[PDB]
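[1] turn this into a structure:
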Amino acid sequence: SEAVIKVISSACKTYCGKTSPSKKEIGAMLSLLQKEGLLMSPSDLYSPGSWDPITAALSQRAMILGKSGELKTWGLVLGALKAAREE
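    Numbers count the residues shown, from 1 in each chain. There you are, the coordinates:
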């Protein structure tokens, strides 16, 4: 909502680098992860046990609707966290 955008922006930069997303990207993806009912708060990203219902949905709408405007962001924000919760 304001902090998470940065709390995760620093992680993706250390797990991806320049390839990482942007404050504009994540910010938009978040609003979508809250409207779809997939998340109740921006801090929900700290729940690695909810990435399942959040990864299948995004990949489902993209494969079906034909647009991964939010997937490209999820995959990135995930590729970083997944590594942060492994060490």
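[2] CA atoms for contacts and neighbours, from now on please.
    Will do.
[3] contacts for stretch 14-33 next, please.
    With Cα atoms under 8 Å, 6 or more residues apart in numbering as the test, stretch 14-33 has contacts from 1, 5-6, 9, 12-13, 39, 42, 54, 70, 73-74, 76-77, 79-80, 83.
[4] from residue 24, how far out is residue 47?
    Using Cα to Cα, to the nearest Å, residue 47 is found at 22 Å from residue 24.
[5] show me where the protein has its helices.
    Assigned by DSSP state H, the chain shows helices spanning 4-7, 9-15, 23-35, 51-65, 71-84.
[6] could you dump these to a markdown table with mean neighbour count?
    Below are the helices of the chain laid out as a markdown table (neighbours: other Cα atoms under 10 Å):
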| stretch | mean neighbour count |
| --- | --- |
| helix 4-7 | 16 |
| helix 9-15 | 18 |
| helix 23-35 | 15 |
| helix 51-65 | 14 |
| helix 71-84 | 18 |
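[7] first-to-last residue distance for stretch 29-41?
    Distance across stretch 29-41, first residue to last, is 13 Å (Cα to Cα).
[8] stretch 42-55 too?
    One end of stretch 42-55 sits 16 Å from the other (Cα to Cα).
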